[PDB]
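The structure file run-v4.tsv is reproduced below (TSV, C-alpha atoms and all ligand atoms).
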```tsv
chain	number	residue	atom	x	y	z
T	2	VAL	CA	-10.34	0.30	-17.34
T	3	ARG	CA	-10.78	-3.49	-17.22
T	4	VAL	CA	-8.76	-5.16	-14.46
T	5	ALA	CA	-8.06	-8.65	-13.17
T	6	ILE	CA	-6.68	-9.50	-9.71
T	7	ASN	CA	-4.20	-12.30	-9.12
T	8	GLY	CA	-4.36	-13.50	-5.50
T	9	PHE	CA	-7.31	-13.16	-3.07
T	10	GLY	CA	-5.34	-12.39	0.09
T	11	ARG	CA	-6.08	-9.31	2.19
T	12	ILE	CA	-4.56	-6.98	-0.37
T	13	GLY	CA	-6.34	-8.60	-3.31
T	14	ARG	CA	-9.66	-8.42	-1.46
T	15	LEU	CA	-9.34	-4.77	-0.37
T	16	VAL	CA	-8.20	-3.79	-3.86
T	17	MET	CA	-11.40	-5.43	-5.13
T	18	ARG	CA	-13.55	-3.61	-2.55
T	19	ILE	CA	-12.00	-0.30	-3.67
T	20	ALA	CA	-12.02	-1.08	-7.40
T	21	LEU	CA	-15.69	-2.14	-7.36
T	22	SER	CA	-16.41	1.35	-6.03
T	23	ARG	CA	-14.23	3.07	-8.68
T	24	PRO	CA	-16.48	4.49	-11.44
T	25	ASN	CA	-13.96	3.96	-14.26
T	26	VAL	CA	-12.54	0.59	-13.16
T	27	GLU	CA	-14.29	-2.68	-13.96
T	28	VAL	CA	-13.24	-5.88	-12.18
T	29	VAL	CA	-13.40	-8.61	-14.82
T	30	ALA	CA	-11.70	-11.61	-13.22
T	31	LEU	CA	-9.92	-13.01	-10.18
T	32	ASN	CA	-7.32	-15.78	-10.07
T	33	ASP	CA	-6.28	-17.82	-7.04
T	34	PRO	CA	-5.43	-21.55	-7.20
T	35	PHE	CA	-5.61	-22.11	-3.42
T	36	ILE	CA	-9.21	-21.15	-2.64
T	37	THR	CA	-12.71	-22.12	-3.73
T	38	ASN	CA	-15.44	-19.73	-4.84
T	39	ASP	CA	-17.46	-20.14	-1.62
T	40	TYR	CA	-14.40	-19.41	0.54
T	41	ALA	CA	-13.55	-16.42	-1.71
T	42	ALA	CA	-17.04	-14.96	-1.23
T	43	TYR	CA	-16.86	-15.54	2.53
T	44	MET	CA	-13.45	-13.87	2.87
T	45	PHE	CA	-14.59	-10.94	0.71
T	46	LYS	CA	-17.78	-10.45	2.75
T	47	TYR	CA	-16.31	-10.55	6.27
T	48	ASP	CA	-13.34	-8.55	7.52
T	49	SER	CA	-12.43	-8.39	11.22
T	50	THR	CA	-11.27	-4.75	11.08
T	51	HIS	CA	-12.85	-3.21	7.96
T	52	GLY	CA	-16.36	-4.52	8.66
T	53	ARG	CA	-18.83	-6.52	6.61
T	54	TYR	CA	-18.87	-5.60	2.94
T	55	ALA	CA	-21.78	-3.18	2.48
T	56	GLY	CA	-23.42	-5.10	-0.33
T	57	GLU	CA	-24.58	-8.56	-1.31
T	58	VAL	CA	-21.89	-11.20	-1.86
T	59	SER	CA	-22.47	-14.68	-3.29
T	60	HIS	CA	-20.93	-17.09	-5.79
T	61	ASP	CA	-21.56	-19.81	-8.32
T	62	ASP	CA	-19.38	-22.40	-10.04
T	63	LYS	CA	-17.63	-19.81	-12.22
T	64	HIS	CA	-17.97	-16.47	-10.43
T	65	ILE	CA	-17.91	-14.42	-7.32
T	66	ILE	CA	-20.99	-12.19	-7.43
T	67	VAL	CA	-21.10	-8.76	-5.77
T	68	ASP	CA	-24.24	-6.58	-5.95
T	69	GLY	CA	-25.22	-8.34	-9.17
T	70	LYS	CA	-21.74	-7.92	-10.75
T	71	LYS	CA	-20.42	-11.34	-11.83
T	72	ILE	CA	-16.62	-11.61	-11.55
T	73	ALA	CA	-15.09	-14.61	-13.31
T	74	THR	CA	-12.81	-16.77	-11.15
T	75	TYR	CA	-9.86	-18.95	-12.13
T	76	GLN	CA	-7.50	-21.35	-10.40
T	77	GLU	CA	-4.30	-21.24	-12.49
T	78	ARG	CA	-0.99	-21.84	-10.75
T	79	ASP	CA	0.72	-20.40	-13.85
T	80	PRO	CA	-0.64	-16.95	-14.81
T	81	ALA	CA	0.46	-17.38	-18.44
T	82	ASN	CA	-2.52	-19.76	-18.73
T	83	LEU	CA	-5.12	-17.08	-17.88
T	84	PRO	CA	-7.55	-15.74	-20.54
T	85	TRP	CA	-6.60	-12.09	-20.10
T	86	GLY	CA	-6.41	-11.46	-23.84
T	87	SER	CA	-9.63	-13.41	-24.34
T	88	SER	CA	-11.21	-11.27	-21.57
T	89	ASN	CA	-9.76	-7.98	-22.89
T	90	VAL	CA	-8.04	-7.28	-19.58
T	91	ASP	CA	-6.27	-3.91	-19.58
T	92	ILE	CA	-4.31	-4.18	-16.29
T	93	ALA	CA	-3.40	-7.33	-14.40
T	94	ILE	CA	-3.02	-6.55	-10.68
T	95	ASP	CA	-0.70	-9.11	-9.09
T	96	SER	CA	-1.11	-9.29	-5.31
T	97	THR	CA	0.41	-12.76	-4.83
T	98	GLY	CA	3.84	-11.45	-3.88
T	99	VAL	CA	5.45	-14.18	-6.02
T	100	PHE	CA	5.33	-12.69	-9.52
T	101	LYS	CA	6.93	-9.45	-8.40
T	102	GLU	CA	9.84	-9.19	-10.87
T	103	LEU	CA	9.96	-8.22	-14.54
T	104	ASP	CA	10.51	-11.78	-15.75
T	105	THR	CA	7.75	-13.32	-13.60
T	106	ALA	CA	4.97	-10.71	-13.90
T	107	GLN	CA	5.68	-10.92	-17.65
T	108	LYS	CA	3.43	-14.01	-17.57
T	109	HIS	CA	0.38	-11.71	-17.36
T	110	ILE	CA	1.45	-9.88	-20.52
T	111	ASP	CA	2.02	-13.30	-22.08
T	112	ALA	CA	-1.52	-14.20	-20.98
T	113	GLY	CA	-2.71	-11.08	-22.82
T	114	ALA	CA	-2.94	-8.24	-20.31
T	115	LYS	CA	-1.61	-4.95	-21.65
T	116	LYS	CA	0.04	-3.90	-18.35
T	117	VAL	CA	0.81	-5.27	-14.88
T	118	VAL	CA	0.75	-3.54	-11.48
T	119	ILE	CA	2.64	-5.40	-8.75
T	120	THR	CA	1.29	-4.77	-5.23
T	121	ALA	CA	4.67	-5.38	-3.59
T	122	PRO	CA	8.20	-3.98	-3.83
T	123	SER	CA	10.22	-5.15	-6.81
T	124	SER	CA	13.95	-5.43	-7.40
T	125	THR	CA	13.56	-5.12	-11.19
T	126	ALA	CA	10.24	-3.46	-11.91
T	127	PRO	CA	10.18	0.35	-11.54
T	128	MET	CA	8.53	1.45	-8.29
T	129	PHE	CA	5.95	4.24	-8.14
T	130	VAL	CA	4.43	5.93	-5.10
T	131	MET	CA	1.44	8.16	-5.79
T	132	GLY	CA	2.13	11.75	-4.82
T	133	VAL	CA	5.91	11.14	-4.95
T	134	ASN	CA	7.09	10.10	-8.43
T	135	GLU	CA	4.05	9.05	-10.51
T	136	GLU	CA	4.79	11.86	-13.00
T	137	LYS	CA	7.95	9.89	-13.84
T	138	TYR	CA	5.76	7.10	-15.27
T	139	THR	CA	5.84	6.83	-19.06
T	140	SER	CA	3.28	4.84	-21.02
T	141	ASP	CA	5.95	2.54	-22.51
T	142	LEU	CA	6.53	0.95	-19.08
T	143	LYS	CA	4.33	-2.15	-19.11
T	144	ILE	CA	5.16	-3.61	-15.66
T	145	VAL	CA	5.34	-1.47	-12.51
T	146	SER	CA	5.42	-1.87	-8.74
T	147	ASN	CA	3.52	0.12	-6.10
T	148	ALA	CA	6.22	-0.35	-3.41
T	149	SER	CA	5.19	-1.27	0.17
T	150	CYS	CA	2.65	0.15	2.58
T	151	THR	CA	5.31	1.57	4.94
T	152	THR	CA	7.10	3.18	2.00
T	153	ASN	CA	3.80	4.73	0.91
T	154	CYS	CA	3.42	6.23	4.38
T	155	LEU	CA	6.97	7.56	4.70
T	156	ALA	CA	7.74	8.77	1.16
T	157	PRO	CA	5.01	11.45	0.68
T	158	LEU	CA	5.88	12.93	4.08
T	159	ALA	CA	9.65	12.80	3.48
T	160	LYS	CA	9.15	14.55	0.12
T	161	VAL	CA	7.12	17.35	1.72
T	162	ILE	CA	9.67	17.87	4.50
T	163	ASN	CA	12.68	17.64	2.20
T	164	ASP	CA	11.27	20.06	-0.35
T	165	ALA	CA	10.57	22.68	2.35
T	166	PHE	CA	13.35	22.39	4.99
T	167	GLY	CA	15.78	19.84	3.51
T	168	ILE	CA	16.42	16.44	5.13
T	169	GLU	CA	20.08	16.06	6.10
T	170	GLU	CA	19.60	12.73	7.88
T	171	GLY	CA	16.73	10.77	9.36
T	172	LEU	CA	16.20	7.81	11.67
T	173	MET	CA	12.80	6.11	11.55
T	174	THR	CA	10.89	3.81	13.89
T	175	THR	CA	7.64	2.15	12.90
T	176	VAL	CA	5.30	0.75	15.52
T	177	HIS	CA	3.88	-1.94	13.31
T	178	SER	CA	0.78	-4.13	13.60
T	179	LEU	CA	0.66	-7.88	12.92
T	180	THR	CA	-1.44	-7.95	9.70
T	181	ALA	CA	0.43	-8.52	6.36
T	190	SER	CA	10.80	-18.35	11.11
T	191	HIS	CA	14.38	-19.63	10.63
T	192	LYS	CA	15.00	-16.41	8.64
T	193	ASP	CA	13.76	-14.12	11.42
T	194	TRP	CA	14.02	-15.42	14.98
T	195	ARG	CA	12.25	-12.58	16.80
T	196	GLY	CA	9.28	-12.83	14.43
T	197	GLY	CA	8.78	-16.50	15.17
T	198	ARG	CA	7.91	-15.70	18.78
T	199	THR	CA	4.27	-15.32	19.80
T	200	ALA	CA	2.72	-12.05	18.66
T	201	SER	CA	0.21	-11.99	21.52
T	202	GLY	CA	2.04	-10.73	24.47
T	203	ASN	CA	5.07	-9.24	22.80
T	204	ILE	CA	6.84	-6.18	21.49
T	205	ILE	CA	8.94	-7.71	18.70
T	206	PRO	CA	11.78	-5.65	17.19
T	207	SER	CA	12.14	-6.04	13.45
T	208	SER	CA	14.14	-4.66	10.56
T	209	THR	CA	12.35	-2.88	7.76
T	210	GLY	CA	13.50	-1.81	4.33
T	211	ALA	CA	11.09	1.10	3.97
T	212	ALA	CA	13.61	3.86	4.81
T	213	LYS	CA	15.91	2.52	2.07
T	214	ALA	CA	13.01	2.03	-0.37
T	215	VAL	CA	12.38	5.78	-0.11
T	216	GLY	CA	15.81	6.21	-1.69
T	217	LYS	CA	14.51	4.40	-4.76
T	218	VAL	CA	11.47	6.66	-5.29
T	219	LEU	CA	13.12	9.84	-3.94
T	220	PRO	CA	16.70	9.42	-5.23
T	221	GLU	CA	17.73	12.69	-3.57
T	222	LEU	CA	17.18	10.92	-0.21
T	223	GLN	CA	19.27	7.86	-1.14
T	224	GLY	CA	21.46	6.91	1.79
T	225	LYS	CA	19.95	9.56	4.08
T	226	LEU	CA	17.35	7.42	5.91
T	227	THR	CA	17.37	4.18	7.84
T	228	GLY	CA	15.41	2.68	10.71
T	229	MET	CA	13.69	-0.31	12.26
T	230	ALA	CA	10.33	-1.47	13.58
T	231	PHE	CA	8.64	-2.63	16.77
T	232	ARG	CA	5.87	-5.11	15.96
T	233	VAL	CA	2.93	-5.07	18.38
T	234	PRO	CA	-0.40	-7.00	18.60
T	235	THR	CA	-2.89	-4.26	17.69
T	236	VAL	CA	-5.44	-3.67	14.87
T	237	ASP	CA	-3.88	-3.33	11.40
T	238	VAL	CA	-3.04	0.37	11.71
T	239	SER	CA	0.63	1.27	12.08
T	240	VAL	CA	2.53	4.46	12.82
T	241	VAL	CA	5.85	5.87	11.64
T	242	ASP	CA	8.06	7.89	13.96
T	243	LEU	CA	10.57	9.89	11.90
T	244	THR	CA	13.39	11.71	13.72
T	245	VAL	CA	15.03	13.99	11.15
T	246	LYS	CA	17.90	16.49	11.12
T	247	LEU	CA	16.93	19.42	8.91
T	248	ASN	CA	18.99	21.63	6.62
T	249	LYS	CA	17.05	24.81	7.40
T	250	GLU	CA	15.99	26.16	10.77
T	251	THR	CA	12.25	26.05	11.32
T	252	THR	CA	9.52	25.88	13.95
T	253	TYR	CA	6.94	23.16	14.51
T	254	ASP	CA	4.17	25.62	13.60
T	255	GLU	CA	5.79	26.03	10.19
T	256	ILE	CA	6.17	22.26	9.79
T	257	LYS	CA	2.46	21.92	10.57
T	258	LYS	CA	1.51	24.61	8.03
T	259	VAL	CA	3.60	23.03	5.25
T	260	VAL	CA	2.26	19.52	5.87
T	261	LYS	CA	-1.34	20.73	6.12
T	262	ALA	CA	-0.91	22.74	2.90
T	263	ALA	CA	0.37	19.66	1.08
T	264	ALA	CA	-2.47	17.54	2.52
T	265	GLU	CA	-5.13	20.04	1.37
T	266	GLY	CA	-3.50	20.70	-2.02
T	267	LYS	CA	-1.14	18.68	-4.20
T	268	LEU	CA	-1.15	15.58	-1.95
T	269	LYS	CA	-4.92	15.57	-1.28
T	270	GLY	CA	-6.16	12.05	-0.70
T	271	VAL	CA	-2.61	10.71	-0.28
T	272	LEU	CA	-1.27	12.67	2.69
T	273	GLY	CA	-3.67	13.45	5.52
T	274	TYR	CA	-3.42	15.71	8.54
T	275	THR	CA	-5.01	15.71	11.99
T	276	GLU	CA	-4.75	17.58	15.26
T	277	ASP	CA	-7.24	15.37	17.12
T	278	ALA	CA	-6.46	13.07	20.05
T	279	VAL	CA	-6.47	10.00	17.81
T	280	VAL	CA	-5.49	6.41	18.50
T	281	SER	CA	-4.67	3.70	15.99
T	282	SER	CA	-8.20	2.33	15.50
T	283	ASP	CA	-9.40	5.81	14.46
T	284	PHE	CA	-7.69	5.10	11.11
T	285	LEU	CA	-9.25	1.72	10.27
T	286	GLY	CA	-10.44	2.14	6.71
T	287	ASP	CA	-8.59	5.42	6.17
T	288	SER	CA	-7.75	5.79	2.46
T	289	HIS	CA	-4.77	8.12	2.99
T	290	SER	CA	-1.26	6.70	2.58
T	291	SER	CA	-0.03	8.74	5.53
T	292	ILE	CA	-1.88	10.72	8.22
T	293	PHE	CA	0.30	13.30	9.95
T	294	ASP	CA	-0.39	13.41	13.70
T	295	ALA	CA	0.33	17.06	14.45
T	296	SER	CA	-0.21	16.73	18.22
T	297	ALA	CA	2.03	13.67	18.61
T	298	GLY	CA	5.11	15.24	17.01
T	299	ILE	CA	7.80	17.01	18.99
T	300	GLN	CA	10.57	19.44	18.03
T	301	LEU	CA	13.61	19.84	20.26
T	302	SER	CA	15.60	22.48	18.40
T	303	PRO	CA	15.31	24.41	15.13
T	304	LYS	CA	16.78	21.60	12.98
T	305	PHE	CA	15.87	18.50	15.08
T	306	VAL	CA	12.29	17.18	15.09
T	307	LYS	CA	10.23	14.00	15.58
T	308	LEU	CA	7.36	13.60	13.09
T	309	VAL	CA	4.54	11.09	13.58
T	310	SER	CA	2.37	9.66	10.79
T	311	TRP	CA	-0.34	6.96	10.82
T	312	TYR	CA	-1.40	4.43	8.19
T	313	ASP	CA	-3.89	1.60	7.79
T	314	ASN	CA	-1.52	-1.18	6.77
T	315	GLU	CA	-3.77	-2.58	4.04
T	316	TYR	CA	-6.41	-0.01	3.09
T	317	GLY	CA	-4.39	3.10	2.20
T	318	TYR	CA	-1.95	0.95	0.23
T	319	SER	CA	-4.79	-0.81	-1.62
T	320	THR	CA	-6.35	2.55	-2.46
T	321	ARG	CA	-3.00	3.63	-3.93
T	322	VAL	CA	-2.90	0.42	-5.99
T	323	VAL	CA	-6.17	1.36	-7.68
T	324	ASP	CA	-4.87	4.94	-8.03
T	325	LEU	CA	-1.75	3.63	-9.80
T	326	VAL	CA	-3.90	1.32	-11.97
T	327	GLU	CA	-5.98	4.30	-13.14
T	328	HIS	CA	-2.92	6.50	-13.65
T	329	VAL	CA	-1.03	3.85	-15.64
T	330	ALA	CA	-4.13	3.31	-17.79
T	331	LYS	CA	-4.88	6.96	-18.65
T	332	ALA	CA	-1.31	7.18	-19.98
T	401	LIG	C1	1.89	-3.31	3.94
T	401	LIG	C2	1.45	-4.35	4.96
T	401	LIG	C3	2.59	-4.68	5.93
T	401	LIG	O1	2.85	-3.91	6.79
T	401	LIG	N1	3.37	-5.90	5.80
T	401	LIG	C4	4.46	-6.16	6.74
T	401	LIG	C5	5.60	-5.36	6.76
T	401	LIG	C6	6.62	-5.62	7.66
T	401	LIG	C7	6.50	-6.68	8.55
T	401	LIG	CL1	7.81	-7.03	9.72
T	401	LIG	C8	5.37	-7.48	8.53
T	401	LIG	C9	4.34	-7.23	7.63
T	401	LIG	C10	2.36	-4.04	2.67
T	401	LIG	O2	3.20	-3.56	1.98
T	401	LIG	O3	1.81	-5.29	2.33
T	401	LIG	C11	2.18	-5.75	1.05
T	401	LIG	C12	3.34	-6.74	1.19
```
Could you rewrite the structure in this file as structure tokens?
Ligand SMILES: *[C@H](CC(=O)Nc1ccc(Cl)cc1)C(=O)OCC
Amino acid sequence: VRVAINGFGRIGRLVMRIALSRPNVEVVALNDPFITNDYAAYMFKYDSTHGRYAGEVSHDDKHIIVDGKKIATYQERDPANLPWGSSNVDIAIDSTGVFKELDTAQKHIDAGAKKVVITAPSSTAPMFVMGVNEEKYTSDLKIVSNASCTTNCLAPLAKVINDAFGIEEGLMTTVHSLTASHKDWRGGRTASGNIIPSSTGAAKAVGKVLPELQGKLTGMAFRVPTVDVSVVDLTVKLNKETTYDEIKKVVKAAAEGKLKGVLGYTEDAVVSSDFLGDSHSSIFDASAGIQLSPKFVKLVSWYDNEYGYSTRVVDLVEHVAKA
């Protein structure tokens, strides 16, 4: 599968790290009009939380070069101008966050890509979360969205819980790290010393990938100045009586079976930085959860804000291509 990345921000760069390691994905090109090749190579090589790239990174006038692989670079403000057809690009991965609707991401198909994966929620493109609704994807869909990182954490867990005990209602909190203000006053305050309440649309987004949960979840976030690992805190009313031991067994079974690699499970005394670089969408913290009564429980799940999501992007890219 031949892929091109639009945008060299954190997501674009981690998607490239992951895709370079994928045996059946080949990174052909990168587009970003706001950076130079030497700055691209520098940003790809060094990462404050995911470490130096384990490999040789360099550049020339027309490429970024990684372990001898030459990746062509472009600086087109308008993606319709990109030589995707000329380069035989199968999937265009758009991580800019600005071509995230059907009419805008269409520019990549116009440029000659066969399909587009948007690494951000979309109001018009169908959203897919691996482990949740990827079997609903049909090969005639040419433009798809991978939803958000918080949605990717919450949705696989909410599906497991709802399938086994039934979710009647749920309220969610996410303790959310900085990495990713007339419109949002709290968020314009200094990150450094502050807990900063925020709204988040993840609990509603779950209603779009799990329609049976539509209208059953809402929540908010507390932003804090920590490494880019976040944690969801899901307080749910259940349909069926259960015990926490049974919740643990069901989640662990899903993590070891059908949701392997997407949903993780731990009983260790972890803290947020223990999940830097974790490729799971969601890591259930069995020891942090707490049940009060047979149908009332608090579930805790971790996620690396960028890395699990980027791994899912490449997962979706491969899935959409095999179709
Ligand atoms: C996941 C990264 C992320 O958490 N972004 C973010 C969400 C909410 C707030 Cl308040 C700030 C930052 C992700 O989906 O990134 C792609 C946009």
Between atom CA of residue 78 of chain T and atom CA of residue 105 of chain T, what distance in Å does the model show, to one decimal?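 So the answer is 12.5 Å.
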Using only C-alpha atoms: which of T:8, T:56, T:80, T:24 has the shortest distance to residue 36 of chain T: T:8
Grab me every residue within 6 Å of ligand LIG 401 (chain T), counting only C-alpha atoms and all ligand atoms, and send it over as an NGL selection string. :T and (121 or 149-150 or 181 or 207 or 314-315)
May I ask which of the residues T:76, T:163, T:152, T:50 is the closest one to residue 235 of chain T, counting only C-alpha atoms?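 So, comparing all the options, the nearest one is T:50.
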Env of residue 282 of chain T: 10 Å cut, atoms = all atoms listed in the file, seq-sep filter 4 positions within chain, self excluded. Answer as a ChimeraX atom specification. /T:50,235-239,286-287,313
Per residue of segment 96-210 of chain T within 10 Å of segment 231-234 of chain T, note the shortest atom pair and the distance in Å to one decimal, counting all atoms listed in the file, and order the rows by chain and increasing residue number, as CSV.
```
residue,atom,partner,partner_atom,distance
T:174,CA,T:231,CA,7.4
T:175,CA,T:231,CA,6.2
T:176,CA,T:231,CA,4.9
T:177,CA,T:232,CA,4.6
T:178,CA,T:233,CA,5.3
T:179,CA,T:234,CA,5.8
T:180,CA,T:234,CA,9.0
T:195,CA,T:232,CA,9.9
T:196,CA,T:232,CA,8.6
T:199,CA,T:234,CA,9.6
T:200,CA,T:234,CA,5.9
T:201,CA,T:234,CA,5.8
T:202,CA,T:234,CA,7.4
T:203,CA,T:233,CA,6.4
T:204,CA,T:233,CA,5.1
T:205,CA,T:232,CA,4.9
T:206,CA,T:231,CA,4.4
T:207,CA,T:231,CA,5.9
T:208,CA,T:231,CA,8.5
T:209,CA,T:231,CA,9.7
```
Would you export the selected residues with C-alpha atoms as a PDB file, in the frame of the given file, please?
```
ATOM      1  CA  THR T 174      10.890   3.810  13.890  1.00  0.00           C
ATOM      2  CA  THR T 175       7.640   2.150  12.900  1.00  0.00           C
ATOM      3  CA  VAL T 176       5.300   0.750  15.520  1.00  0.00           C
ATOM      4  CA  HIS T 177       3.880  -1.940  13.310  1.00  0.00           C
ATOM      5  CA  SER T 178       0.780  -4.130  13.600  1.00  0.00           C
ATOM      6  CA  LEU T 179       0.660  -7.880  12.920  1.00  0.00           C
ATOM      7  CA  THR T 180      -1.440  -7.950   9.700  1.00  0.00           C
ATOM      8  CA  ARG T 195      12.250 -12.580  16.800  1.00  0.00           C
ATOM      9  CA  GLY T 196       9.280 -12.830  14.430  1.00  0.00           C
ATOM     10  CA  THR T 199       4.270 -15.320  19.800  1.00  0.00           C
ATOM     11  CA  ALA T 200       2.720 -12.050  18.660  1.00  0.00           C
ATOM     12  CA  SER T 201       0.210 -11.990  21.520  1.00  0.00           C
ATOM     13  CA  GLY T 202       2.040 -10.730  24.470  1.00  0.00           C
ATOM     14  CA  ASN T 203       5.070  -9.240  22.800  1.00  0.00           C
ATOM     15  CA  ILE T 204       6.840  -6.180  21.490  1.00  0.00           C
ATOM     16  CA  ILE T 205       8.940  -7.710  18.700  1.00  0.00           C
ATOM     17  CA  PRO T 206      11.780  -5.650  17.190  1.00  0.00           C
ATOM     18  CA  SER T 207      12.140  -6.040  13.450  1.00  0.00           C
ATOM     19  CA  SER T 208      14.140  -4.660  10.560  1.00  0.00           C
ATOM     20  CA  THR T 209      12.350  -2.880   7.760  1.00  0.00           C
TER      21      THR T 209
END
```
If you count only C-alpha atoms, the residue of T:66, T:59, T:5, T:20 closest to residue 88 of chain T turns out to be T:5
Which polymer residues have any atom within 12 Å of an atom of segment 10-13 of chain T, counting only C-alpha atoms, with same-chain residues fewer than 5 positions away left out, as a short mmCIF file (atom, residue, chain, number, x, y, z; two decimals) with C-alpha atoms, keeping the file's coordinate frame?
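Below is the file out-v6.cif, written as the result:
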```
data_model
loop_
_atom_site.label_atom_id
_atom_site.label_comp_id
_atom_site.auth_asym_id
_atom_site.auth_seq_id
_atom_site.Cartn_x
_atom_site.Cartn_y
_atom_site.Cartn_z
CA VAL T 4 -8.76 -5.16 -14.46
CA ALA T 5 -8.06 -8.65 -13.17
CA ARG T 18 -13.55 -3.61 -2.55
CA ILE T 19 -12.00 -0.30 -3.67
CA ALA T 20 -12.02 -1.08 -7.40
CA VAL T 28 -13.24 -5.88 -12.18
CA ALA T 30 -11.70 -11.61 -13.22
CA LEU T 31 -9.92 -13.01 -10.18
CA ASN T 32 -7.32 -15.78 -10.07
CA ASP T 33 -6.28 -17.82 -7.04
CA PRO T 34 -5.43 -21.55 -7.20
CA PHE T 35 -5.61 -22.11 -3.42
CA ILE T 36 -9.21 -21.15 -2.64
CA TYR T 40 -14.40 -19.41 0.54
CA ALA T 41 -13.55 -16.42 -1.71
CA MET T 44 -13.45 -13.87 2.87
CA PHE T 45 -14.59 -10.94 0.71
CA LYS T 46 -17.78 -10.45 2.75
CA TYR T 47 -16.31 -10.55 6.27
CA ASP T 48 -13.34 -8.55 7.52
CA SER T 49 -12.43 -8.39 11.22
CA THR T 50 -11.27 -4.75 11.08
CA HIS T 51 -12.85 -3.21 7.96
CA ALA T 93 -3.40 -7.33 -14.40
CA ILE T 94 -3.02 -6.55 -10.68
CA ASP T 95 -0.70 -9.11 -9.09
CA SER T 96 -1.11 -9.29 -5.31
CA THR T 97 0.41 -12.76 -4.83
CA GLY T 98 3.84 -11.45 -3.88
CA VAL T 118 0.75 -3.54 -11.48
CA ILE T 119 2.64 -5.40 -8.75
CA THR T 120 1.29 -4.77 -5.23
CA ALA T 121 4.67 -5.38 -3.59
CA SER T 149 5.19 -1.27 0.17
CA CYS T 150 2.65 0.15 2.58
CA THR T 180 -1.44 -7.95 9.70
CA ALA T 181 0.43 -8.52 6.36
CA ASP T 237 -3.88 -3.33 11.40
CA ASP T 313 -3.89 1.60 7.79
CA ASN T 314 -1.52 -1.18 6.77
CA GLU T 315 -3.77 -2.58 4.04
CA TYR T 316 -6.41 -0.01 3.09
CA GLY T 317 -4.39 3.10 2.20
CA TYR T 318 -1.95 0.95 0.23
CA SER T 319 -4.79 -0.81 -1.62
CA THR T 320 -6.35 2.55 -2.46
CA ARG T 321 -3.00 3.63 -3.93
CA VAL T 322 -2.90 0.42 -5.99
CA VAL T 323 -6.17 1.36 -7.68
#
```
Quick check, in Å to one decimal: how far apart do atom CA of residue 172 of chain T and atom CA of residue 306 of chain T lie? 10.7 Å
Which distance in Å separates atom CA of residue 296 of chain T and atom CA of residue 227 of chain T, to one decimal?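 These two atoms are separated by 24.0 Å.
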Please list as a short mmCIF file (atom, residue, chain, number, x, y, z; two decimals) with C-alpha atoms, keeping the file's coordinate frame every residue within 12 Å of residue 264 of chain T, counting only C-alpha atoms and excluding residues in the same chain fewer than 5 positions away.
```
data_model
loop_
_atom_site.label_atom_id
_atom_site.label_comp_id
_atom_site.auth_asym_id
_atom_site.auth_seq_id
_atom_site.Cartn_x
_atom_site.Cartn_y
_atom_site.Cartn_z
CA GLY T 132 2.13 11.75 -4.82
CA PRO T 157 5.01 11.45 0.68
CA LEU T 158 5.88 12.93 4.08
CA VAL T 161 7.12 17.35 1.72
CA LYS T 257 2.46 21.92 10.57
CA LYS T 258 1.51 24.61 8.03
CA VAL T 259 3.60 23.03 5.25
CA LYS T 269 -4.92 15.57 -1.28
CA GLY T 270 -6.16 12.05 -0.70
CA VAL T 271 -2.61 10.71 -0.28
CA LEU T 272 -1.27 12.67 2.69
CA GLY T 273 -3.67 13.45 5.52
CA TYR T 274 -3.42 15.71 8.54
CA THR T 275 -5.01 15.71 11.99
CA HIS T 289 -4.77 8.12 2.99
CA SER T 290 -1.26 6.70 2.58
CA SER T 291 -0.03 8.74 5.53
CA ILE T 292 -1.88 10.72 8.22
CA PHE T 293 0.30 13.30 9.95
#
```
Would you place a box with edges along x, y and z of the file around all atoms of segment 68-71 of chain T listed there, add 8 Å to each of its six sides, and report the centre and edge lengths in Å to one decimal, as AutoDock Vina command-line options?
```
--center_x -22.8 --center_y -9.0 --center_z -8.9 --size_x 20.8 --size_y 20.8 --size_z 21.9
```
Might you pull out every residue within 8 Å of residue 84 of chain T, with all atoms listed in the file counted and same-chain residues fewer than 3 positions away left off, and present them as a VMD selection string? chain T and resid 87 to 88 112 to 113
